[PDB]
Structure formats: structure tokens, C-alpha cells
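In: This block holds the first chain(s) of the complex, placed as they are in the complex; more will follow:
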Amino acid sequence: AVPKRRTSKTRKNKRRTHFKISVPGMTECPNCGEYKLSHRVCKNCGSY
Amino acid sequence: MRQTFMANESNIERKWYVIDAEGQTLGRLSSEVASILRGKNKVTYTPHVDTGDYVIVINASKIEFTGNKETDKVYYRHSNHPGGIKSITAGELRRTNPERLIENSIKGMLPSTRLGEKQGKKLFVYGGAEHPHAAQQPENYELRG
Amino acid sequence: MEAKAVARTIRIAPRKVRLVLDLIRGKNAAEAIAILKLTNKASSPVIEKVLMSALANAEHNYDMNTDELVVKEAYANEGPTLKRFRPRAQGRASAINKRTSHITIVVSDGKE
């Protein structure tokens, strides 16, 4: 029910090894405009 | 004045030996081999580095017991499952897998450290009269007893 | 040279900002702008405004060419906390921390 001992800095930081986010798909809109998300459509700010 | 020689890894020279376990008593061969796996028979013996030599035991199916040890010298192996205790006599363990018989007897005479584990990895037991390591050019040793 | 920009006392918690900020550290500016437009966390637009501000400082004050710039440093420090309460059952109160952040971006061209 309750923690018996406090958690140290090193154990807390080991537990957060996998707690991250990843970079998205990001294909480039060739005809006009900047990057867009892949398999998506950007009617404005992109020709694709 | 502190002047005592310590061995490095750039100092040590390990050589190769061949022991014949034919007509020898287990245990009495094992302690003498264990002293060689560690550098105990050497000057320049240093306890925090490995300074011993490689050994090869060849026949190892001709090893001997004295008493009635071949029928009641059980070994006993638990497996961490409830009621999971297993068993084999010394007589049937040298009939099948005589190499594990001698290897286990010698490793039980080495320390259980990170260095004892590495020193026990120089043992190379075989059953029969031939071995593959002719390229290392091993000598015979002739136990003292 | 180097140009920097700071956003002080942003009202998002630092643990949440650092998570997006670990995506753009050590990348060239155009790629970092692309990444910040497609990530869908709450702190993406704020970080993007800080990065834009640094790029504009790099060009108006130090006459650097924005075509070849990399995000040299990106980090978030803690600001002062606002302390609040929430009423719980049986007449008890519990604490709530509304945390804030200082956000710093510095860009460089890699020369001297």
C-alpha cells in the first residue's frame, strides 16, 4: 500500500529510461510548401 | 621502504600442461590441479591477478574411488521448484559424463569470486586418451602426490 | 557566433517541456522547425516561438546567415511555483503545485 523506503535519484532515473516520445513521420510536400505528416493532406500550406 | 614485486598482465606467462587421470584418486588429483590453476606454484604469485597455467586432464574415465563411494556418493542438485530435488550416484556419473565428475570436483576447490570463475575456465577435461589442443604444445606434468 | 532567446515563467511544468526539448537538441534549424510543427504536445508552439525569436536575433543583431544554423543548446529550468489546494473527502485539503518553466534556446553557426 505505501512505499517502505524512499526512491533514490538513480533508481528514479533508471525507471524513466523508456519514458520518451519519438519523431513523427514527416514526408516533404514536393510541389509547394513545407513538411507534412505522411499519408496526410495539407490543402493549405502545401500543394500536397 | 615499500619494495614488493607485483605482477601485471604484461608480466605473466601462462603455459600448458597435460595430466593423466589414470589410476589416480579423485580429490587427491583435484587438489593438486587446483593449486596449479591458481599461480600457487610460482614465485611472482600475486593474489589480485591471474598468474596460473592451463591444464588438460585426459583419461578421466579411469579415475578411482576407495570405499563404497561409487554406490553412495549422491550429488543432489535442487531446481528451485517445489519438491524439485534431483539426484545421481558417483558411480553412474562417471559412467555417463565422466568429464562433469572431475570438472565439478576441481571447481569446488576454487574460490567463488570473479577471479575464481575465470581461473576455473582453464581446465579442459576429456574422457579417453586424446585431446584437440596440439597447437598449444602442452607438456606432461607428473603429479607430486 | 551564438544567439540566444529566453522565455521566462511559462506556465507549463518542466518535466513536460523537457520531453519535447530532447527532440531538437543538436539539429539544424529548418529540421527543428519541421519537428516542432508536427509534434502534438502542448509545449510545441511555445518552444517554436522561442526558436523563431533566437533565429531572428541571430540575423538582425549579428548578421548571421540563417541557412546554416544548428540548435546548439536547449534546456528548461524551473520557475517559481503557484501553490493551490483541492478539497478532499471528510473536510481535508490536499496541495496542488502549478509549476512554471524558463526556456532557453541558443543557435550557432559553428565558426569563430
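Out: Great, that's in hand. Numbering: from 1, shown residues only, chains lettered A, B, ... in the order given.

In: All the helices of the chain, residue numbers only.
Out: Assuming you mean chain A. Ranges of helices within chain A are A:9-15, based on DSSP state H.

In: oops, I was thinking of chain C
Out: According to DSSP H, the helices that chain C contains are C:14-21, C:29-38, C:44-60.

In: Check what contacts the first one and list those residues.
Out: So the one you mean is helix C:14-21. Contacts to helix C:14-21, defined as CB atoms under 8 Å, 6 or more residues apart in numbering or on different chains, come from residues A:20-21, C:10, C:36, C:39, C:41-44, C:47, C:74-78, C:99, C:101, C:103. The C-beta positions use only the backbone N, C-alpha and C, and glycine is treated the same way.

In: Got a quick ChimeraX command for the buried subset of the residues you listed?
Out: Selecting the buried subset of those in ChimeraX, with 16 or more other CB atoms under 10 Å in any protein chain shown as the burial test, is done by:
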select /C:10,36,39,41,43,44,47,74,76,99,101,103
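
In: hmm, back to that, of the helices of chain C, which is nearest residue C:93?
Out: Across the helices of chain C, the minimum distance to residue C:93, taken as CB to CB, is reached by helix C:14-21, at 24.2 Å.

In: Near chain A, which residues of chain C are found?
Out: With CB under 8 Å from any CB of the partner chain as the criterion, chain C meets chain A at residues C:19-20, C:22-23, C:34-35, C:37-39, C:41.

In: any idea how far residue B:48 is from the closest residue to chain C within chain B?
Out: For chain B, the nearest residue to chain C under the criterion CB to the nearest CB is residue B:114, separated by 36.6 Å. Shown here: residue B:114 relative to residue B:48, a distance of 11 Å by CB to CB, to the nearest Å.

In: now for chain D, put it on the one above:
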Amino acid sequence: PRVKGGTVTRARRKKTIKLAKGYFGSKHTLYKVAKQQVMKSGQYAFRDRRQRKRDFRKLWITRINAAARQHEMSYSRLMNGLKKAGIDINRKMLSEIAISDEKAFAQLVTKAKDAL
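Out: Chain D now in position relative to the chains above:
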């Protein structure tokens, strides 16, 4: 007049903190655990300055024993014979000779053998 506590407590605590440099985690940061560890390490050092003198003597005897078996003697009989010959060389010198100069050690062994 009033004497407020000022600057003596911090200085005293910071000495002990600095003595705990290199310890793991909060044992090099927080005063209470750091002080406990520094006490324990002083006690260990006192105890070990006396075990050093047993450890090194035990090492020299191992090396002399190894050197004597190469001339078909054991350490026991070699030391007995050297005493009966009157030689008063340390165990520490006897094993540095055996390491660096093998001929001198051979000559020692022959005298030890002749005194028996």
C-alpha cells in the same frame, strides 16, 4: 548580550562533507549520512593498518614456499635450516632475492641444506 549561531555550524558541517568526496549518492551530499560514513571509515582504516602487516607477511611466505619446492624443499625445512645456519634475512628480502636473483637463492638453499 545575545550570541546568535552564525557561520560556525556551516563551516563545521562543510569540513565533514568535504571529507566524504567520492562516496555514493547521498552519502557525499547530506551531512548526517556523510558523518556516519566518515566515522565508519576512520574505524576501518584503524583496523586495516594492522591487517596490512599480516597480509604482506602471508604473501612473502607463499612466494618463498613456491621457490623452495623447485629445489625439493618445503618452506618449513628451509627456514629451519637457515636458522641452524645463523642466516638472519627477512622473509621480505628472501622473496625479493628469489624473484630477481635465482643464483643467489640457490646458494642460500645449499647452505640451508648443509646445516641439516
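
In: Output stretch B:54-74 in CSV with nothing but the alpha carbons.
Out: Output in CSV follows, covering the C-alpha atoms of stretch B:54-74 (Å, rounded to 0.1, in the frame of the first residue of the first chain):
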residue,chain,number,x,y,z
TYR,B,54,46.2,-24.1,-18.3
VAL,B,55,45.7,-27.8,-17.5
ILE,B,56,44.3,-30.7,-19.6
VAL,B,57,43.1,-33.9,-18.0
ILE,B,58,43.0,-36.7,-20.5
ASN,B,59,41.7,-40.1,-19.5
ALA,B,60,39.3,-39.2,-16.8
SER,B,61,37.1,-42.3,-17.2
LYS,B,62,39.8,-44.3,-15.3
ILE,B,63,39.6,-42.2,-12.2
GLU,B,64,39.2,-44.2,-8.9
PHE,B,65,37.3,-44.2,-5.6
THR,B,66,38.4,-46.0,-2.5
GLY,B,67,35.5,-47.1,-0.3
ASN,B,68,31.9,-47.9,-1.3
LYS,B,69,31.8,-44.4,-2.7
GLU,B,70,30.6,-45.5,-6.1
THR,B,71,27.2,-46.5,-4.9
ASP,B,72,26.5,-43.9,-2.2
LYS,B,73,28.2,-40.6,-3.1
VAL,B,74,25.0,-38.8,-4.2
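
In: ok, and for it, which residues are buried?
Out: Of the residues in stretch B:54-74, those with enough neighbours to count as buried (16+ other CB under 10 Å) are B:54-63, B:70.

In: Residue D:102: which of those residues is nearest?
Out: Within the buried residues of stretch B:54-74, proximity to residue D:102 (CB to CB) peaks at residue B:54, which comes in at 24.3 Å.

In: The following sequence is to be added as chain E:
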Amino acid sequence: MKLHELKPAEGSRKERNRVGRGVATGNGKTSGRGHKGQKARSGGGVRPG
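Out: One more piece, chain E, placed on the ones above:
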């Protein structure tokens, strides 16, 4: 004597004992009172006689 070189007669002065000020003095934790009982309490003596 000068006013910057005063010395009292040898043996006349002496510094008072302060109790309950750490272990090395010899009068630290229990301050010379031993352990529990009526005589270890504040205002704890019994009447003379």
C-alpha cells in the same frame, strides 16, 4: 600595572563547569545525574532529613 596588561593573582580565578554541552566534556547527555529515578527529574530532590 598598565591597563592593557592586567593579570590576577595566581590561583584566585577559575572557570565554571558547563553541563550538558556534548560528550567529550564528560558531563554531556545526562549531565552528571545518572539514569532514571526521582533524583534525575527537574526539581526532584527529596527533603533534607
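
In: What about the buried residues of stretch B:54-74 again, now that chain E is present?
Out: Going by neighbour count (16+ other CB under 10 Å), the buried part of stretch B:54-74 is B:54-63, B:70.

In: do the same with stretch B:21-40
Out: Within stretch B:21-40, the residues that count as buried by 16+ other CB under 10 Å are B:21, B:24, B:26-27, B:29-30, B:32-34, B:36-39.

In: how about the spatially most central residue of chain E, secondary structure?
Out: Nearest to the centroid of the C-alpha atoms of chain E, with distances taken as CA atoms, centre = their mean, sits residue E:17, at 3.1 Å. Using DSSP: H, G, I helix; E, B strand; the rest coil, the structure places residue E:17 in coil.

In: ok, it - contacts?
Out: Applying CB under 8 Å, 6+ apart, the residues near residue E:17 are residue E:27.

In: For it, give its distance to residue E:25.
Out: From residue E:17 over to residue E:25 the distance is 8 Å, taken as CB to CB.

In: returning to what we had before: can I get the buried residues of stretch B:54-74 in CSV including secondary structure and distance to chain C?
Out: Converted to CSV, these look like this (DSSP: H, G, I helix; E, B strand; the rest coil; distance: CB to the nearest CB, whole Å):
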residue, secondary structure, distance to chain C
B:54, strand, 50
B:55, strand, 54
B:56, strand, 55
B:57, strand, 57
B:58, coil, 60
B:59, coil, 63
B:60, coil, 59
B:61, coil, 62
B:62, coil, 66
B:63, coil, 62
B:70, coil, 66
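
In: Show me which of those is closest to chain D.
Out: Distances from those to chain D were compared by CB to the nearest CB; the smallest belongs to residue B:55, at 17.1 Å.

In: How about chain A: which residue is closest to chain B?
Out: For chain A, the nearest residue to chain B under the criterion CB to the nearest CB is residue A:10, separated by 22.7 Å.
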